[PDB]
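Chains V and Y are the protein sequences, given in the same order.
Residues are numbered in the UniProt record's numbering as their position in the first sequence, beginning at 1, plus a constant of 3263.
Residues are numbered in the UniProt record's numbering as their position in the second sequence, beginning at 1, plus a constant of 3263.
This report refers to the structure that appears directly beneath it.
There are 2 protein chains.
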Amino acid sequence: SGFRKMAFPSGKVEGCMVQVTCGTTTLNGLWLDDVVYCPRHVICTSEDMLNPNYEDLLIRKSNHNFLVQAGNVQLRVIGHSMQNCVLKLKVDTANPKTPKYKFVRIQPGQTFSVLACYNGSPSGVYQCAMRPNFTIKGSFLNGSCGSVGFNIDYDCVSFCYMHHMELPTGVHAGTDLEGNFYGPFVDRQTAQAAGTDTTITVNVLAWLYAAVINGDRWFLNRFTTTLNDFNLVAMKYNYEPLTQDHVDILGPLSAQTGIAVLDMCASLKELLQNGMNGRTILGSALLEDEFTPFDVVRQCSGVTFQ
Amino acid sequence: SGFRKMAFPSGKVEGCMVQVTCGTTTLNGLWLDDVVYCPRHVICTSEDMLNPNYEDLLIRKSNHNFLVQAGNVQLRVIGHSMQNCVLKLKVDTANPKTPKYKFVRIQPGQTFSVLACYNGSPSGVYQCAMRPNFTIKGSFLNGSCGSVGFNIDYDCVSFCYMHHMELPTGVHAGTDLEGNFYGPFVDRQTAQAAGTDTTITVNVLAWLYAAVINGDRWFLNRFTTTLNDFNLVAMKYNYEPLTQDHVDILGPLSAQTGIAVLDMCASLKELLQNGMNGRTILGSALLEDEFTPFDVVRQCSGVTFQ
């Protein structure tokens, strides 16, 4: 028993991290086979930032301008291309530590592990969610660009995020590994702001089920509610609408605990209207929304990876 | 910016995890050089548990009774010994992936990363603290015994915990890697209970400094307080006494933020007496105590590891 914000083991990803230096900018890159992936704003300079034309900036570069260090071995660039907002630097050596991998573009509400890195060296690992407003609440300092987010599925690494910038509210914005930003953000220094966020309702319900599995039950009740009547309460408290598909996904957890999904919704309803009244759930005094139904099942059942 | 419960990168430890099977019991072991370390209660059987004599139980074993699998390669045991509550199984192959390492016995209040494992395969990584009552609030299911906790310091892994059991309150108890339990616990099935815990005061102050570094300031005040007068309030709310040594350790954080340590204590004092009044600190509605002063400096400054 017990329930923790758990990240995936990071080893498979650590073996892919490299340092990319161009001009006065240094950041991280991801070395898979003979390609290094990194944010395209590495070719920018501190005066280019204002409104750059990356196509013009890249045609002006030569391979030898890209300094790629994999630990203490310095990788020679033999080619370069740009796909949306990522650079792909082709190197003459394939990474022998390349895991089985996929590039996947995730939906808001889904979670992933972030391996934060500086100068090609990992600093730490933690679990994030993609907020409904397509930011992530990370921990990122100067130099962390090119750090990736990922999930693991048995032996395969699914890369889903690479870090590009921080927004004025202190939240973070980035792309998928094919370089498409999550949300409306652009790799241009302009007025950009996160936009209104909401709470990930299906995840809160998942976490309440986690609580029941682990022996917290003070928040349950005999009441029920309808999907419609629940969603009317959710909107009042800035929660995402709950879909029938969400209800279906919460099926196994409902079956393991014997608490019908719509009964758990009646419990959330009362928690939203009454607060928690000095009590805690799974060591938290707030309703937690960065655990998916999959995360809960995974941790409460013991799935592993090779 | 941002502040997260961050674990160390787990790669160095993942390469050491193995499966140890003896009789009807399966659990994890730690393979460093030509030795596999694992909890001695693997030699127990479901009727031995009541009050075992491990010296008698071990003299009765042969090397071939110990089934050690390192992935898909099955390690031959050539010797076995017992050091306190751990077994050391000597194998005929040295782990080529053995990191630089040390075994260290930590103080309560110190934090570490746990790589949770089943059948020799890692499942996830998260950050724990050693509670003042020498338990840890982990996430552990059947089969997780032998999972380790660790810190990293540049390139060296300092192993500090191996998992043995769960206590009736759902918290966890274990040993250092030399097999000495943390706290009064014994690897015997009897009436054992955690005992009263307290909040790690110096860590709460560290986390308040983290908050200031990251732009949360609503809890500050112009007041101050004396060490003595602070400790009188701490005791009322079941907080650990703050020592002058704690104050000294909080020195750099005090210097970076310009908030004298005793001023931050006056802030904690008011938070304890008034609660948070609907507000949050670093996304938490509770005072958080599982970040050390070192953890805060590390994450707010960008230290890395190879």
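Here a beta-carbon is modelled for each residue, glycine too, at the ideal position from N, C-alpha and C.
**Message:** Taking 8 Å as the threshold (C-beta atoms), are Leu3531 of chain Y and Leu3483 of chain Y in contact?
**Reply:** no
**Request:** To the nearest angstrom, report how far apart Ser3410 of chain V and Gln3390 of chain Y are at their CA atoms.
**Result:** Their Cα atoms are separated by approximately 20 Å.
**Prompt:** In the structure shown, what three-state DSSP assignment does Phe3493 of chain V receive?
**Reply:** Looking at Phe3493 of chain V - three-state DSSP - the assignment turns out to be helix.
**Asked** Does the stretch 3278–3289 of chain Y come within contact of the stretch 3399–3408 of chain V, defined as at least 3 CB pairs closer than 8 Å?
**Response** No, because fewer than three Cβ pairs between the stretch 3278–3289 of chain Y and the stretch 3399–3408 of chain V fall closer than 8 Å, the two stretches do not touch.
**Asked** Buried or exposed: which applies to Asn3358 of chain Y, given that a residue is buried once 16 or more other Cβ atoms fall within 10 Å of its Cβ?
**Response** buried
**Nearest-angstrom beta carbon gap, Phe3413 of chain Y and residue 3217 of chain Y [assumed within contact, 8 Å]** = Residue 3217 of chain Y lies beyond the range of chain Y shown here (3264 to 3569); nothing can be said about it.
**Message:** Using a Cβ-Cβ distance cut-off of 8 Å, determine whether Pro3385 of chain Y contacts chain V.
**Reply:** yes
**Test: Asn3326 of chain Y CB closer than 8 Å to a CB of chain V** = no
**Simplified DSSP state of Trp3470 of chain V, which is helix, strand or coil** = helix
**Asked** chain Y beta carbons: is any one of them nearer than 8 Å to that of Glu3429 of chain V?
**Response** yes
**Segment contact, 8 Å Cβ cut-off, at least three pairs: the stretch 3548–3563 of chain V with the stretch 3455–3475 of chain V** = yes
**Item:** Contact set between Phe3266 of chain V and chain Y, taken where Cβ atoms lie within less than 8 Å
**Value:** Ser3402
**Prompt:** Do you know how far the Cα of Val3420 of chain V is from the Cα of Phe3271 of chain V?
**Reply:** Answer to the nearest angstrom: the Cα atoms are 10 Å apart.
**Item:** Per-residue burial, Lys3499 of chain V [other beta carbons within 10 Å of its own, 16 or more giving buried]
**Value:** Counting Cβ neighbours within 10 Å, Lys3499 of chain V comes out exposed, since fewer than 16 surround it.
**Prompt:** Between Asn3314 of chain V and chain Y, is there a C-beta pair that is closer than 8 Å?
**Reply:** no
**Request:** Flag this pair as yes or no: are the beta carbons of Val3331 of chain V and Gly3292 of chain V separated by less than 8 Å?
**Result:** For the pair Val3331 of chain V and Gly3292 of chain V, the CB atoms are nearer than the 8 Å cut-off.
**Request:** Give the residues of chain V in contact with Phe3271 of chain Y, contact being defined as C-beta atoms less than 7 Å apart.
**Result:** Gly3387
**Message:** Given this structure, state the Cα-to-Cα distance separating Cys3307 of chain V from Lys3353 of chain Y, to the nearest angstrom.
**Reply:** 55 Å
**Prompt:** The beta strand (DSSP E) with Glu3429 of chain V in it runs from where to where?
**Reply:** 3419–3429
**Item:** Completely contained beta strand (DSSP E) runs for the stretch 3373–3400 of chain V, where each covers 3 or more residues
**Value:** 3374–3381, 3384–3392
**Prompt:** So, using beta-carbon positions, are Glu3503 of chain Y and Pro3395 of chain Y closer together than 8 Å?
**Reply:** For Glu3503 of chain Y and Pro3395 of chain Y, yes; Cβs fall inside 8 Å.
**Request:** Let me know the secondary structure DSSP gives residue 3223 of chain Y once reduced to three states.
**Result:** What is shown of chain Y runs 3264 to 3569, which leaves residue 3223 of chain Y out entirely.
**Request:** Quick one: using the 10 Å Cβ neighbour count with 16 as the cut-off for buried, is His3509 of chain Y buried or exposed?
**Result:** Buried, because 16 or more other Cβ atoms sit within 10 Å of the Cβ of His3509 of chain Y.
**Request:** Would you identify the three-state DSSP class for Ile3415 of chain V, choosing helix, strand or coil?
**Result:** Reduced to three states, the DSSP call for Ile3415 of chain V is strand.
**Message:** Below 8 Å on the Cβ atoms is my contact criterion, and I expect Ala3457 of chain Y with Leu3495 of chain Y to pass it. Report the Cβ-Cβ distance as a whole number of Å.
**Reply:** About 26 Å; that fails the 8 Å criterion.
**Message:** Once DSSP output is grouped into helix, strand and coil, what is the label at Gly3514 of chain V?
**Reply:** Three-state result, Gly3514 of chain V: helix.
**Request:** Tell me where the beta strand (DSSP E) around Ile3341 of chain Y begins and ends.
**Result:** In the DSSP assignment, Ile3341 of chain Y falls within the beta strand (DSSP E) that extends over 3340–3346.
**Item:** Separation of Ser3309 of chain V from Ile3544 of chain Y, as counted between CA atoms
**Value:** Distance from the CA atom of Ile3544 of chain Y to the CA atom of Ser3309 of chain V, rounded to whole angstroms, is 34 Å.
**Asked** Can you give the beta carbon distance from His3427 of chain Y to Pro3302 of chain Y, rounded, assuming they're within the 8 Å contact cut?
**Response** 5 Å
**Asked** Who are the near neighbours of residue 3571 of chain V in its chain, counting only those whose CB is closer than 6 Å to its CB and skipping five residues on each side?
**Response** In the structure displayed, chain V extends from 3264 to 3569; residue 3571 of chain V sits before or after that span and is not available.
**For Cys3348 of chain Y and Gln3519 of chain Y, the rounded distance between their alpha carbons** = 44 Å
**Message:** Rounding to the nearest angstrom, what Cα-Cα distance links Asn3540 of chain Y and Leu3549 of chain V in this structure?
**Reply:** 13 Å
**Prompt:** Among all the DSSP beta bridges, which residues are the ones paired with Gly3292 of chain V?
**Reply:** V:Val3281
**Request:** Step through the CB atoms of chain Y and report whether any lies within less than 8 Å of the CB of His3426 of chain V.
**Result:** no
**Asked** DSSP on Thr3462 of chain V, reduced to helix/strand/coil?
**Response** strand
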